[PDB]
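Asks: Let me give you the structure first, and then I'll get to my questions.
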Amino acid sequence: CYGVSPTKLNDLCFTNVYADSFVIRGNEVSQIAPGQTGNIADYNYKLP
Amino acid sequence: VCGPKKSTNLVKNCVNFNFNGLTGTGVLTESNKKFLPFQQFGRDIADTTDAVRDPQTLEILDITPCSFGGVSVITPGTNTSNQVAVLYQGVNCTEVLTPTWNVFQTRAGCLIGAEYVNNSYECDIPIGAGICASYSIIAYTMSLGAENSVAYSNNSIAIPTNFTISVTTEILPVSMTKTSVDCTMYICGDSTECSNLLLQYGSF
Amino acid sequence: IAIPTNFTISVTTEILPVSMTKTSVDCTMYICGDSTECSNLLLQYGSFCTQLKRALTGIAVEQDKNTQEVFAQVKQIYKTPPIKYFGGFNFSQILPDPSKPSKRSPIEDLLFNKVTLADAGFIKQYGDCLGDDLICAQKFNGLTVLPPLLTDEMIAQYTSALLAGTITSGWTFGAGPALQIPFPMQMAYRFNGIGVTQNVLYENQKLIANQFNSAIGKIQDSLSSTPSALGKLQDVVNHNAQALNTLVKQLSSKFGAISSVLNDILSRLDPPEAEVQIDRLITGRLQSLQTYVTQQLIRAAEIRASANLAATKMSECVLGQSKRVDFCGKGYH
Amino acid sequence: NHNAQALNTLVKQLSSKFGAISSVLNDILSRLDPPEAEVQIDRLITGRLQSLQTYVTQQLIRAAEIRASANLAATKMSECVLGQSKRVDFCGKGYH
Amino acid sequence: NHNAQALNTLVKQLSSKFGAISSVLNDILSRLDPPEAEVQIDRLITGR
């Protein structure tokens, strides 16, 4: 959880929460993070 | 979208508030601002929240911190007495809590524990705004000097017939104690890895 | 050889700062305002708060000490005689005027109006801190201005006493008892001191009084027309105000944290990962406070030097006569 | 007293943790491994370096003040002792 | 000479690492990802 706590989350408010859903390969779960590079990052799904 | 926490009743005029997760402490007052429909929070110069919109009612409430001020204690030497005076600087007497623990309003702050007198003496303890305290603890306006007037005239002159050879002392510092500080023995005493890490900080 | 056959009595102004605005900064309310865990973590940095408080208290005491050493040089408050006649010399522009609420001269009334203070440190009844300001934000963030010991009325009384003692005793009031002496004789002694025979004054007293009155009038006109006459005091006040504004603006910085607000970090993250941000915020704010204290100490040293120079000039030119060239203005003082 | 208090404060600042688990270097070196002990020793190093820099700045300011006072004292010596100064209120109150 | 030595010391302080892996900015930018390069950029900025 970037910028927020996984446990201290039921006491805050949000503007609009969007749940992005996608399935990637097991060994390919490394680029789901800010500033990462790779195939899935540069071609499929990039995080700011 | 918020959490499962329930809302409480709204009170105005020093309580803790929680507006959409924004926690803090201060008083709430009816504001005269012109918040836009898409504006929810306000921000002052100091990057703090000065006004907030309630989620239930669309009224705007200002956020002002509770009353506070410096506490200056006026006390003589311990070898003389134990009674002390309290000066709430910047706070009026009608406004004066964190501390667990004869009233005169000065231009510097409310003074509690000292009795104001009309007679003026030399300033013993500098309090502020021309008022000085002295040992019960009394408060008085400091005197600038003895009252005197020169008998000036068109043809009057004063010439002394005697003189007094006086001697006056004057103390002036010329030097102070030298100091040599070894950064290594001070920061990383009897340590090798600490010194290796400190060597990376340059030539400080 | 060139020898002058006439002379022009000129009056020149000189502005010198004596003190500056006091400042008391509460480290706790500034860094960890209305926070408990932040205040507990702040205690791990040592006595930096105590050092800052001692430095600010020393500066505040030193300002009053400089003011006392500059203005309070005599032990008696000499009053002006009721007959405002001094051989033609008109001192009504520099003597205090009882018609005003404050016993200040018409010249001092212009000096106090040309300089505008940001915060004098008076009493605030909490009524103007809310509703329909920079000073309010500084006070809420811990920056508090303390009033000086000697008020404006006491400084005006000291100035009037010095002026009366001068115009009634020459230079004898500073060295001892105030020996009364006619002003057309004090001027004769001054002329004999600057190297001019007294008969010149005893023959051109009327012309010299007219020149002095015209010079005082021109000085008043210049102070009323030229706004940059008291630029030094205004620059000092503006520097202090800008330092306070910068110190209260530094709270907007994040210093590498996720947010500049402590409550936001405490509510968004758990303590194990919020302490690493609270530490950065505390370090940044403490560095800002230390930089402000260092700048204030440098400014206090400069003000101490200026006040020592002003007290020396007072004791030399006002309480006596100085033969130093270009010290008490340009020309034979 | 100011010099003594400055020295005492500088020797007391070693007791601070500056956000570390302990103020003693040996305790940190014996309780944690170097990968996580370097980040703890760095905080103490930075804190002590900042304390030393603040002490040096205060000492430089005091040294400038002492230099000004010593120049004034030398001027007063050369004027009042080695001669006779006509400056009012310089060599004490009264005709020097 | 004091002014020149102050300038030389200020330009030499750039050689310090201040706890980072390297004093060169480009080396840190090219060797570590932004998730773990900011922790060194911050130390360098603080030291300088």
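Identifiers for the structure tokens are assigned positionally: chains receive A, B, ... in sequence, residues are indexed from 1 per chain, and ligands are indexed from 1 in the order shown.
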Please list as an MDAnalysis selection string every residue within 9 Å of segment 24-41 of chain D, counting only C-alpha atoms and excluding residues in the same chain fewer than 5 positions away.

Replies: (chainID B and resid 188:189 191 193:194 197) or (chainID D and resid 14:15 17 19 46) or (chainID E and resid 19)

Asks: Pick out the residues sitting within 12 Å of residue 152 of chain C, and hand them over as a JSON list (two decimals) with C-alpha atoms, in the first residue's frame; count only C-alpha atoms, and ignore anything fewer than 4 positions along from it in its own chain.

Replies:
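part.json was written with the following content:
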[["chain", "number", "residue", "atom", "x", "y", "z"],
["B", 129, "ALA", "CA", 5.96, 47.58, 28.39],
["B", 130, "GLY", "CA", 7.62, 49.84, 30.95],
["C", 67, "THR", "CA", 18.38, 50.74, 24.02],
["C", 71, "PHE", "CA", 19.04, 56.54, 25.33],
["C", 102, "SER", "CA", 2.12, 61.63, 23.24],
["C", 103, "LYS", "CA", 4.85, 64.03, 24.37],
["C", 104, "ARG", "CA", 6.78, 63.94, 21.10],
["C", 108, "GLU", "CA", 9.42, 62.74, 15.98],
["C", 109, "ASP", "CA", 5.74, 62.69, 14.98],
["C", 111, "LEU", "CA", 9.57, 59.77, 12.22],
["C", 112, "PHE", "CA", 7.02, 57.53, 13.95],
["C", 120, "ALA", "CA", 4.73, 45.71, 18.08],
["C", 147, "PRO", "CA", 7.34, 44.18, 23.28],
["C", 148, "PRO", "CA", 10.41, 46.19, 24.34],
["C", 156, "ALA", "CA", 10.52, 60.37, 24.06],
["C", 157, "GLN", "CA", 10.94, 61.52, 27.67],
["C", 158, "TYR", "CA", 14.62, 60.52, 27.63],
["C", 159, "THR", "CA", 15.12, 62.41, 24.36]]

Asks: Residues of chain A within 12 Å of chain C: nearest atom pair and distance (Å, one decimal) for each, counting only C-alpha atoms, sorted by chain and number, as a Markdown table?

Replies:
| residue | atom | partner | partner_atom | distance |
| --- | --- | --- | --- | --- |
| A:1 | CA | C:269 | CA | 9.6 |
| A:2 | CA | C:269 | CA | 9.6 |
| A:3 | CA | C:258 | CA | 6.9 |
| A:4 | CA | C:268 | CA | 4.9 |
| A:5 | CA | C:269 | CA | 4.7 |
| A:6 | CA | C:269 | CA | 8.4 |
| A:7 | CA | C:270 | CA | 7.9 |
| A:8 | CA | C:268 | CA | 6.5 |
| A:9 | CA | C:268 | CA | 7.3 |
| A:10 | CA | C:268 | CA | 10.2 |
| A:11 | CA | C:267 | CA | 7.9 |
| A:12 | CA | C:267 | CA | 7.5 |
| A:13 | CA | C:268 | CA | 10.3 |
| A:14 | CA | C:268 | CA | 11.5 |

Asks: Output the contact residues of chain C with respect to chain D at a cut-off of 8 Å, based on only C-alpha atoms, as number ranges by chain.

Replies: C: 41, 44-47, 174-176, 279, 294, 297-298, 301, 312, 315-316, 319-322

Asks: With 8 Å as the cut-off and only C-alpha atoms counted, what is the closest atom pair between each nearby residue of chain E and chain A? Distances in Å to one decimal, ordered by chain and number, as CSV.

Replies:
residue,atom,partner,partner_atom,distance
E:33,CA,A:35,CA,6.8
E:34,CA,A:35,CA,5.6
E:35,CA,A:35,CA,6.7

Asks: Produce a file of the selected residues containing N, CA, C and O atoms, as an mmCIF file, in the first residue's frame.

Replies:
data_model
loop_
_atom_site.group_PDB
_atom_site.id
_atom_site.type_symbol
_atom_site.label_atom_id
_atom_site.label_comp_id
_atom_site.auth_asym_id
_atom_site.auth_seq_id
_atom_site.Cartn_x
_atom_site.Cartn_y
_atom_site.Cartn_z
ATOM 1 N N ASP E 33 16.456 1.861 -9.084
ATOM 2 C CA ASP E 33 15.136 2.291 -9.508
ATOM 3 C C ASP E 33 14.640 3.437 -8.630
ATOM 4 O O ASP E 33 15.105 3.611 -7.501
ATOM 5 N N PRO E 34 13.705 4.240 -9.135
ATOM 6 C CA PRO E 34 13.186 5.382 -8.359
ATOM 7 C C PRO E 34 12.658 4.985 -6.988
ATOM 8 O O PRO E 34 12.788 5.773 -6.040
ATOM 9 N N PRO E 35 12.043 3.803 -6.821
ATOM 10 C CA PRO E 35 11.647 3.404 -5.457
ATOM 11 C C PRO E 35 12.791 3.381 -4.455
ATOM 12 O O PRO E 35 12.559 3.651 -3.271
#

Asks: Excluding same-chain residues fewer than 4 positions from residue 233 of chain C, what lies within 8 Å of it counting only C-alpha atoms, as a VMD selection string?

Replies: chain C and resid 15 to 17 115 237

Asks: Please provide as a list in words all residues within 12 Å of residue 210 of chain C, with the sequence filter that same-chain residues fewer than 2 positions apart are discarded (counting only C-alpha atoms).

Replies: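 Selected residues are residues 8, 9, 10, 87, 88, 89, 90, 204, 205, 206, 207, 208, 212, 213, 214, 215, 216 and 217 of chain C.
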
Asks: Please identify which residues in segment 1-48 of chain B DSSP calls strand (DSSP E) from the backbone, and express them as a list in words.

Replies: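 Matching residues for strand (DSSP E) in segment 1-48 of chain B are residues 15, 16, 17, 18, 19, 22, 23, 24, 25, 26, 27, 28, 29 and 30 of chain B.
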
Asks: Within 12 Å of chain C, which residues of chain E show up when using only C-alpha atoms, listed as a compact mmCIF listing (two decimals) with N, CA, C and O atoms, in the first residue's frame?

Replies:
# COMPACT_ATOMS: atom_id res chain seq x y z
N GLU E 38 15.49 7.44 -4.55
CA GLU E 38 15.16 8.66 -3.83
C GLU E 38 15.78 8.69 -2.44
O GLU E 38 16.12 9.76 -1.94
N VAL E 39 15.94 7.52 -1.81
CA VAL E 39 16.54 7.48 -0.48
C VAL E 39 18.01 7.89 -0.51
O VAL E 39 18.56 8.29 0.52
N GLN E 40 18.67 7.79 -1.67
CA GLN E 40 20.04 8.26 -1.81
C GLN E 40 20.09 9.70 -2.33
O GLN E 40 20.96 10.48 -1.92
N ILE E 41 19.17 10.05 -3.23
CA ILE E 41 19.09 11.43 -3.71
C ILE E 41 18.80 12.37 -2.56
O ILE E 41 19.35 13.48 -2.49
N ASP E 42 17.96 11.95 -1.61
CA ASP E 42 17.64 12.78 -0.46
C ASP E 42 18.86 12.99 0.42
O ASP E 42 19.10 14.10 0.90
N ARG E 43 19.64 11.93 0.65
CA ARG E 43 20.86 12.08 1.45
C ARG E 43 21.85 13.01 0.77
O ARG E 43 22.47 13.86 1.43
N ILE E 45 21.17 15.44 -1.40
CA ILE E 45 20.64 16.79 -1.35
C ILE E 45 20.81 17.38 0.04
O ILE E 45 21.19 18.55 0.20
N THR E 46 20.55 16.59 1.08
CA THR E 46 20.70 17.07 2.45
C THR E 46 22.15 17.43 2.75
O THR E 46 22.43 18.49 3.33

Asks: Please return, as a PyMOL selection string, all residues of chain B lying within 8 Å of chain D when only C-alpha atoms are considered.

Replies: chain B and resi 168-170+172-177+187-188+191+194+197-198

Asks: Run DSSP on the backbone and grab whatever in chain D lands in helix (DSSP H, G or I); send it over as a ChimeraX atom specification.

Replies: /D:2-15,25-31,34-81

Asks: Tell me which protein, DNA and RNA residues are within 8 Å of residue 80 of chain C, counting only C-alpha atoms, leaving out same-chain ones fewer than 5 positions away, and put them as a list in words.

Replies: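 Within the cut-off, the hits are residues 149 and 150 of chain B; 161 and 164 of chain C.
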
Asks: What's around segment 63-74 of chain B at 8 Å? Count only C-alpha atoms, leave out sequence neighbours fewer than 2 positions away in its own chain, and write the answer as an mmCIF file with N, CA, C and O atoms, in the first residue's frame.

Replies:
data_model
loop_
_atom_site.group_PDB
_atom_site.id
_atom_site.type_symbol
_atom_site.label_atom_id
_atom_site.label_comp_id
_atom_site.auth_asym_id
_atom_site.auth_seq_id
_atom_site.Cartn_x
_atom_site.Cartn_y
_atom_site.Cartn_z
ATOM 1 N N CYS B 14 -13.324 24.565 22.019
ATOM 2 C CA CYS B 14 -12.078 23.829 21.839
ATOM 3 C C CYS B 14 -12.325 22.328 21.911
ATOM 4 O O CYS B 14 -12.258 21.731 22.985
ATOM 5 N N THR B 25 -7.351 19.777 16.139
ATOM 6 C CA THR B 25 -7.877 20.354 17.369
ATOM 7 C C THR B 25 -8.043 21.854 17.185
ATOM 8 O O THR B 25 -7.097 22.540 16.790
ATOM 9 N N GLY B 26 -9.238 22.353 17.468
ATOM 10 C CA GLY B 26 -9.504 23.770 17.338
ATOM 11 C C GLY B 26 -10.971 24.063 17.557
ATOM 12 O O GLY B 26 -11.780 23.168 17.822
ATOM 13 N N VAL B 27 -11.300 25.346 17.439
ATOM 14 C CA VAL B 27 -12.668 25.821 17.608
ATOM 15 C C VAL B 27 -13.302 25.999 16.237
ATOM 16 O O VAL B 27 -12.615 26.192 15.228
ATOM 17 N N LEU B 28 -14.629 25.929 16.200
ATOM 18 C CA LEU B 28 -15.399 26.081 14.973
ATOM 19 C C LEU B 28 -16.302 27.298 15.098
ATOM 20 O O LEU B 28 -16.974 27.474 16.119
ATOM 21 N N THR B 29 -16.315 28.132 14.061
ATOM 22 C CA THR B 29 -17.097 29.359 14.062
ATOM 23 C C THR B 29 -17.743 29.542 12.695
ATOM 24 O O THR B 29 -17.207 29.101 11.676
ATOM 25 N N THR B 49 -5.129 23.862 7.621
ATOM 26 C CA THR B 49 -6.549 23.961 7.312
ATOM 27 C C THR B 49 -7.184 25.030 8.192
ATOM 28 O O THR B 49 -7.178 24.913 9.423
ATOM 29 N N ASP B 50 -7.730 26.070 7.559
ATOM 30 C CA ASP B 50 -8.403 27.144 8.275
ATOM 31 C C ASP B 50 -9.917 27.104 8.149
ATOM 32 O O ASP B 50 -10.601 27.780 8.923
ATOM 33 N N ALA B 51 -10.453 26.338 7.201
ATOM 34 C CA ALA B 51 -11.892 26.207 7.030
ATOM 35 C C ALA B 51 -12.186 24.880 6.350
ATOM 36 O O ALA B 51 -11.400 24.401 5.527
ATOM 37 N N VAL B 52 -13.325 24.287 6.702
ATOM 38 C CA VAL B 52 -13.716 22.982 6.184
ATOM 39 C C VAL B 52 -15.227 22.951 6.004
ATOM 40 O O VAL B 52 -15.977 23.589 6.749
ATOM 41 N N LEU B 61 -17.315 26.074 8.055
ATOM 42 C CA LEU B 61 -16.886 26.363 9.417
ATOM 43 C C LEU B 61 -15.390 26.637 9.432
ATOM 44 O O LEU B 61 -14.609 25.869 8.857
ATOM 45 N N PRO B 76 11.872 36.137 42.597
ATOM 46 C CA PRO B 76 13.163 36.594 43.123
ATOM 47 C C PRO B 76 14.098 35.428 43.402
ATOM 48 O O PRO B 76 13.790 34.283 43.055
ATOM 49 N N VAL B 84 6.078 33.369 43.898
ATOM 50 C CA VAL B 84 6.376 33.667 42.504
ATOM 51 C C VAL B 84 5.185 34.374 41.873
ATOM 52 O O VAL B 84 4.068 34.357 42.396
ATOM 53 N N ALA B 85 5.444 35.006 40.731
ATOM 54 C CA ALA B 85 4.418 35.654 39.931
ATOM 55 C C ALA B 85 4.380 35.018 38.548
ATOM 56 O O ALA B 85 5.395 34.528 38.044
ATOM 57 N N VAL B 86 3.199 35.028 37.935
ATOM 58 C CA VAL B 86 2.978 34.420 36.630
ATOM 59 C C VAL B 86 2.550 35.509 35.657
ATOM 60 O O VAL B 86 1.633 36.286 35.950
ATOM 61 N N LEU B 87 3.213 35.564 34.504
ATOM 62 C CA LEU B 87 2.916 36.540 33.459
ATOM 63 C C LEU B 87 2.462 35.793 32.213
ATOM 64 O O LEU B 87 3.269 35.136 31.548
ATOM 65 N N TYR B 88 1.171 35.893 31.899
ATOM 66 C CA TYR B 88 0.616 35.299 30.684
ATOM 67 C C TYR B 88 0.788 36.308 29.556
ATOM 68 O O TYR B 88 -0.113 37.089 29.247
ATOM 69 N N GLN B 89 1.965 36.292 28.937
ATOM 70 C CA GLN B 89 2.284 37.265 27.901
ATOM 71 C C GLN B 89 1.441 37.029 26.655
ATOM 72 O O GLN B 89 1.236 35.891 26.226
ATOM 73 N N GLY B 90 0.942 38.122 26.077
ATOM 74 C CA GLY B 90 0.122 38.061 24.888
ATOM 75 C C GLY B 90 -1.324 37.686 25.116
ATOM 76 O O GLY B 90 -2.114 37.733 24.164
ATOM 77 N N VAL B 91 -1.703 37.316 26.337
ATOM 78 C CA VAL B 91 -3.064 36.901 26.657
ATOM 79 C C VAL B 91 -3.652 37.904 27.641
ATOM 80 O O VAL B 91 -3.004 38.261 28.631
ATOM 81 N N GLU B 95 -9.092 36.297 29.220
ATOM 82 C CA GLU B 95 -8.985 35.110 28.384
ATOM 83 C C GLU B 95 -8.309 33.937 29.071
ATOM 84 O O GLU B 95 -8.651 32.788 28.783
ATOM 85 N N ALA B 133 9.008 44.518 38.027
ATOM 86 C CA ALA B 133 8.599 43.909 39.282
ATOM 87 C C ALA B 133 9.768 43.863 40.256
ATOM 88 O O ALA B 133 10.934 43.827 39.855
ATOM 89 N N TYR C 126 -7.917 38.000 21.096
ATOM 90 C CA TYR C 126 -8.438 36.847 20.366
ATOM 91 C C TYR C 126 -9.639 37.192 19.489
ATOM 92 O O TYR C 126 -10.226 36.298 18.869
ATOM 93 N N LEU C 130 -9.603 35.777 14.210
ATOM 94 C CA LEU C 130 -10.529 34.935 13.468
ATOM 95 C C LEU C 130 -11.503 35.814 12.696
ATOM 96 O O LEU C 130 -11.625 37.014 12.949
ATOM 97 N N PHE C 140 -0.073 31.634 15.605
ATOM 98 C CA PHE C 140 -0.623 30.288 15.715
ATOM 99 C C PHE C 140 0.442 29.222 15.503
ATOM 100 O O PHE C 140 0.316 28.109 16.029
#

Asks: Contacts from chain B to chain E, 8 Å maximum, only C-alpha atoms: show me the residue list as a PDB file with N, CA, C and O atoms, in the first residue's frame.

Replies:
ATOM      1  N   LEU B 197      32.458   5.285   8.252  1.00  0.00           N
ATOM      2  CA  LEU B 197      31.247   5.931   7.756  1.00  0.00           C
ATOM      3  C   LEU B 197      31.329   7.450   7.858  1.00  0.00           C
ATOM      4  O   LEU B 197      30.769   8.155   7.011  1.00  0.00           O
ATOM      5  N   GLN B 200      33.095   9.477   5.021  1.00  0.00           N
ATOM      6  CA  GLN B 200      32.336   9.731   3.804  1.00  0.00           C
ATOM      7  C   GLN B 200      31.633  11.083   3.810  1.00  0.00           C
ATOM      8  O   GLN B 200      31.085  11.478   2.777  1.00  0.00           O
ATOM      9  N   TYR B 201      31.633  11.792   4.936  1.00  0.00           N
ATOM     10  CA  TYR B 201      30.965  13.083   5.046  1.00  0.00           C
ATOM     11  C   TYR B 201      31.845  14.249   4.610  1.00  0.00           C
ATOM     12  O   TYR B 201      31.429  15.404   4.742  1.00  0.00           O
ATOM     13  N   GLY B 202      33.042  13.978   4.098  1.00  0.00           N
ATOM     14  CA  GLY B 202      33.893  15.032   3.585  1.00  0.00           C
ATOM     15  C   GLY B 202      34.887  15.578   4.589  1.00  0.00           C
ATOM     16  O   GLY B 202      35.377  14.845   5.453  1.00  0.00           O
ATOM     17  N   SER B 203      35.191  16.869   4.481  1.00  0.00           N
ATOM     18  CA  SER B 203      36.190  17.526   5.315  1.00  0.00           C
ATOM     19  C   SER B 203      35.552  18.484   6.317  1.00  0.00           C
ATOM     20  O   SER B 203      36.098  19.547   6.616  1.00  0.00           O
TER      21      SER B 203
END

Asks: For the atom pair atom CA of residue 190 of chain C and atom CA of residue 323 of chain C, what is the interatomic distance in Å to one decimal place?

Replies: 10.8 Å

Asks: Which distance in Å separates atom CA of residue 119 of chain C and atom CA of residue 22 of chain C, to one decimal?

Replies: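 Answer for the atom CA of residue 119 of chain C to atom CA of residue 22 of chain C separation: 9.9 Å.
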
Asks: Any chance you could tabulate, as a Markdown table, the residues of chain B at most 8 Å from chain A with each one's nearest atom pair and distance in Å to one decimal, using only C-alpha atoms, in chain and rising number order?

Replies:
| residue | atom | partner | partner_atom | distance |
| --- | --- | --- | --- | --- |
| B:1 | CA | A:14 | CA | 5.4 |
| B:2 | CA | A:13 | CA | 4.0 |
| B:3 | CA | A:10 | CA | 4.6 |
| B:4 | CA | A:10 | CA | 6.5 |
| B:5 | CA | A:11 | CA | 6.6 |
| B:20 | CA | A:13 | CA | 5.5 |
| B:21 | CA | A:12 | CA | 4.7 |
